Amino acid sequence: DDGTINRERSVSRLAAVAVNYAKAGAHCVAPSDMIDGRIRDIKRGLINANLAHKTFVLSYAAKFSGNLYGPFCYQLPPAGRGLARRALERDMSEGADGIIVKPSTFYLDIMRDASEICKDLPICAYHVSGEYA
Amino acid sequence: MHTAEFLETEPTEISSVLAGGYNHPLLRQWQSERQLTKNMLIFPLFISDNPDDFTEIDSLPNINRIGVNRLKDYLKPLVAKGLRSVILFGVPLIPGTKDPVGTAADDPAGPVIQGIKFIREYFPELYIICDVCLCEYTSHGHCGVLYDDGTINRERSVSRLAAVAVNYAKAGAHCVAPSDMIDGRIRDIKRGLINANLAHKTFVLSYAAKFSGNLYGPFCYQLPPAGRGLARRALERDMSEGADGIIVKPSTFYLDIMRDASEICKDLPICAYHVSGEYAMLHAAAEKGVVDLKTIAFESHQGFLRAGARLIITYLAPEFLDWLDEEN
Amino acid sequence: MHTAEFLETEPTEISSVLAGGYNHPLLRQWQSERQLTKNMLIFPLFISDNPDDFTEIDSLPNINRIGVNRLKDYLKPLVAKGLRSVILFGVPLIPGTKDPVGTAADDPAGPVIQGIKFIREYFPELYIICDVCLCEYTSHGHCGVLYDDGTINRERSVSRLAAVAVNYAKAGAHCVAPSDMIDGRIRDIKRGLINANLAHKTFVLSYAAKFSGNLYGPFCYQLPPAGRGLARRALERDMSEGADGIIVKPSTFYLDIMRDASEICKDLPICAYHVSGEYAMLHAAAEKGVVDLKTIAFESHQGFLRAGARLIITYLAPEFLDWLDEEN
Amino acid sequence: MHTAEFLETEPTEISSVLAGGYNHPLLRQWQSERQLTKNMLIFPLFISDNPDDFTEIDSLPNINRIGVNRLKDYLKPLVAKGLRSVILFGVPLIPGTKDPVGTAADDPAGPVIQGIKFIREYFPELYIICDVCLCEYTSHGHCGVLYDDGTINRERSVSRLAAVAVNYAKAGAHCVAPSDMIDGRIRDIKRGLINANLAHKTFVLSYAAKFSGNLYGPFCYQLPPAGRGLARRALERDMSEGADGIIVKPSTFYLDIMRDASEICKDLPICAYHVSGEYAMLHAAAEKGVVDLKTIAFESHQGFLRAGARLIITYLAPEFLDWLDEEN
Ligand SMILES: [Pb+2]
Ligand SMILES: [Pb+2]
Ligand SMILES: [Pb+2]
Ligand SMILES: [Pb+2]
Ligand SMILES: [Pb+2]
Ligand SMILES: [Pb+2]
């Protein structure tokens, strides 16, 4: 009510769509929310639906906030470098198969942390439209 | 009808809730490993040999080619705005000063040395950093003393570099930043200072990691933007050779490399350099309204601090000494 | 009746499900720390002193003993197929050229040097790597300059090796790979190049880990297939001595050792070498239909890349420059 | 005349001389992190349902399809030669025993269980390891219990696997090695054993790292020869799930992976498995005289020990129990 995101509900709803996509024929599902614990839930959902062995959970473990998406919710502080590590380490244990870092160029150091933390996971770089433009 | 499906969850793990640590605007100050202050900013200066000069350069810049007689006005406002340091780049325009050995480099009557003496007197507060390269004082324009119609003659160019470096320091400069990339020039510059008993007062700020890309000017020894293993061996090398601080450049495009410097040269101040290319790129982007300059300047400059740096060589110094003063 | 029993399980842990990360054929490209490209392949060449030679060698090979006049045809197709490098091995067949000091080694009129000049002109694109050993230019055939009816006279053999190494580089070779195993030959070859002002253009590709086994030829200083501690001290030694890259050989049988090289010499390109024995072994196996060559060539060569290597010296180069082009 | 040039060296660094540590034949025993003994060798056995069987299989093998009545002769010599263990693989040839749930798997009157009872009595010294898979007892031949005209039904196949695993152990087998690769089957097999109070006597020897290549048979869940990150997450997973030991397979082609296992599963015995493909490859190569079998068997098997393993599942067991006895 006329405030913030209702975690559990939004998450309960997200896992829903995620499995629906996968049931439709999508190979991978990349949740771009940043809402706490949505990988554990999406992972389970896929599991219950026996789709966990064919879907690749490509998480947006590190999504920061800056003037690079559009000019001028849960979204990490461009300076919070300690959070981005705890969030990467969290999604990795929760079941993430791959991790996305975004933006990219402006967060190369953070792409470096991902490389050490999520060492056995494919790391994905995203060139946000802002950088592109 | 297509109804919204909602899966059935589990009680929220306490280890999935980081949120409460970055919810208030002050907690995003509390989450920064390091805050951007004014004594971090380092303003570069292009001191011309024409004592009346003040020629605007360009690509998107707002920086110039000043002269020893316009100097007291340019610097004055800035310094009052709390400027603590500047990195001198001399620009000899006289019709007969460049040559096969950048002889005019340590020239007691040159832009740089006649800039280092001006500051030490009209602004004894300021801290002086001098770039040390033969780039701009050689006929060929190469960064070093060349061999027969080929490559740089290492030892010679190095023997010549340490020379200028100590000459600057004898002139009154606090720090000497060699921007060569010619192997072993820190050991040599360090010794030189030692022989001249100037090693305990000069700060060797090395350009340990200088890569090559379209960010200096559009379109010698200079690291491959991909060679990440070399940049570590070069940082580790200059550190043992005596470097007191390390410079990474460019900056934004080498944040990961600024991260490696932070781990490798952990007890050494790491300096981030916003190359003119990036500077002229933030600006151009700002005019085409792709992003708000001020918004992209902080993001980009706090990334330096996040990535590892505690110092910053940027042309946005004039603007930051303003901004940093602000609150709401 | 014997009925199938089925125990009663627990809900699948999320941390037991890795499966979804390697299910689609593209995810097995996405799971490779490094993909096999063509500029990784390094083709060895046995340049004979008989300028018209093209004698097939053998054990199961398809490689030869070519001469400076057949060279432009052998190389041409390959290079067009995108070949980027070759490692020269000279084979002097003249009746009076071997001896007590491998004098004919750096011979300006030899297979290797008269091969290094041919390439630099008819194929200026190619990258030249030269093996550096006195093995094939000595009467005794030993890898070094011997003492009285015994062992290798270290210092001398080394003093002689650095000599040839710089001679090659003076001739136009880009890289020199010393395959001796004689202690301290990298420090010496590195210095030599330095004195000759050729250290900034020559790539010292050392054979840091050369073991001994039935894989070179069927049946001197050479590491024990079990000495895993020596191979680490030798890698760590050549790295400090100046090695720019490291070669592991054999390859398949020393993948673990390629793994140690990857951790020890982390900022140095690691090169995998498929010894003729392994090559002639994959082939023999292929003919007796134990495995499909092409199937076992990729597995075996991606193991090099997985294990740590980013470069590969193999005789299957002709075949890979083909294969790599393919899709379905 | 072309005279041999000899550069001028520096006095030999003491840190370039490793040589004296591997000069005598005994120092190559002294340099091995671990020596190959007989209680390391693990002989696989293909026990057929036809009690009189002894059918030679093949690709280059010398191994067979034995039966419970020929068993006492095959084993006897070996055991006297000091054989300490065997890994049973049952082969039901009866015309009506395979099916949609590998029901005949834990069959009290099957090759494997009627092999596990034979040994425990006629050779109570031996140590019994049983492979645990539904591969060979299913109509489809898949490694697990399948869903509708597709993939393996995880939970079910797992619920069924733990079942057989405990049945074997109840029969008298000391160890159970699940060769499935179906996620989470160790946690489940471990629990099962626990419920049946057999967890303190059964050794869970997991196939933590089973890759896919042309080395089992020429030409389900099975790791990509390049996925080196998965193999680490899978090893780390089975270790926490209760695995007492880990098996790497194939072996020679995955020595680097045997190296990762050694660091990751440091307090767990690591087992190397020489897949039939490699076995039939050393042999084929030996016949075409590319290498001497005995020479390549030791090199290849000491690489297992060097690479990390302290146990070895190989078909060359008959031969090693011989060889190991030798001296000169
Ligand atoms: Pb320069
Ligand atoms: Pb220049
Ligand atoms: Pb040799
Ligand atoms: Pb030889
Ligand atoms: Pb199976
Ligand atoms: Pb099967």
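General remarks:
- Cβ neighbours within 10 Å from other chains - mean over A:53-60: 5
- Residue-wise HN-Hα couplings along segment C:222-236, as the Karplus relation 6.51 cos²θ - 1.76 cosθ + 1.60 with θ = phi - 60° gives them from phi, are 8, 3, x, x, 9, x, 8, x, 6, 4, 7, 6, 7, 6, 5 Hz; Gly and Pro carry x.
- FRET efficiency, D:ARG84 to D:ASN328 (Cβ-Cβ, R0 30 Å, nearest 0.05): 0.70
- Prolate/oblate/rounded call for the protein assembly as shown, Cα gyration tensor, a/c under 1.5 rounded: oblate
- Calculated diffusion of segment D:37-147, Stokes-Einstein form, Kirkwood radius summed over Cα pairs, 4 °C and 1.567 mPa s, µm²/s: 89 µm²/s
- Structure note, pairs A:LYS23/A:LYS63; C:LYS190/C:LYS210; D:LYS201/D:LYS266; B:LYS117/B:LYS249; A:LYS54/D:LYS210; C:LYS210/C:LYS266: Cα-Cα distances above 30 angstrom do not occur.
- Partners of C:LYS294 within straight-line reach, counting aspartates and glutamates whose Cα lies under 13 Å from its Cα and excluding those fewer than 8 residues away in the same chain: C:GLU319, C:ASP322, C:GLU326.
- Looking at segment B:258-328, the GluC sites (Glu not before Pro) that sit in a DSSP loop and have at most 13 other Cβ atoms within 10 Å of their own Cβ are B:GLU326, B:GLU327.
- Helices in chain B, meaning DSSP H runs of at least 4 residues, each add -39500 (n - 2.57). Divided by all residues, the mean residue ellipticity at 222 nm is -9500 deg cm²/dmol.
- Cα-only radius of gyration and Dmax that characterise chain C, units Å: 22.3, 87
- Ordering A:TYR74, B:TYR122 by the number of other Cβ atoms within 10 Å of each residue's own Cβ, fewest first, gives B:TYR122, A:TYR74.
- Restriction of the trypsin sites (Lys or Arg not before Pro) in segment D:249-328 to DSSP coil positions whose beta-carbon has at most 14 other beta-carbons within 10 angstrom yields D:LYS266.
- At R0 = 25 Å, FRET efficiency that the Cβ-Cβ distance of B:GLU155 and C:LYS170 yields, to 0.05: 0.85
- Amide H to amide H, with H built 1.01 Å from N, D:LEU41 comes under 5 Å of D:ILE312, counting only residues 5 or more places away or on other chains.
- Other-chain or far-sequence residues with amide H under 5 Å of D:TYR273's (modelled H): D:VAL248, D:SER251, D:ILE313
- Residue ranges D:139-152, D:200-213 sort as D:200-213, D:139-152 when ordered by packing (mean number of other C-beta atoms within 10 Å per residue, highest first).
- Summarising the amide proton neighbourhood of A:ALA61: residues at separation of 5 or more, or on other chains, whose placed amide H is nearer than 5 Å comprise A:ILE100.
- What separates the Cα centres of segment D:121-185 and segment B:48-98 is a distance of 79 Å.
- 3J(HN,Hα) along segment B:7-22, derived from phi through the Karplus expression 6.51 cos²θ - 1.76 cosθ + 1.60 where θ = phi - 60°, amounts to 4, 9, 7, 10, x, 2, 6, 5, 8, 9, 10, 9, 2, x, x, 8 Hz, with x in place of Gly and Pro.
- Taking a straight Cα-Cα cut-off under 16 Å and skipping sequence neighbours fewer than 8 places away in the same chain, the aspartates and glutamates within cross-link reach of D:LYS170 are C:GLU5, D:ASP106, D:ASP107, D:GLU121, D:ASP131.
- Computed over segment C:154-205: relative contact order in percent, which uses C-alpha pairs under 8 Å that are six or more apart: 46 percent
Note: ideal-geometry Cβ built from the backbone for every residue, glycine included; neighbour counts use all protein chains shown. Every read-out reported here was derived from the displayed coordinates using simple, explicitly stated rules and does not represent laboratory data.
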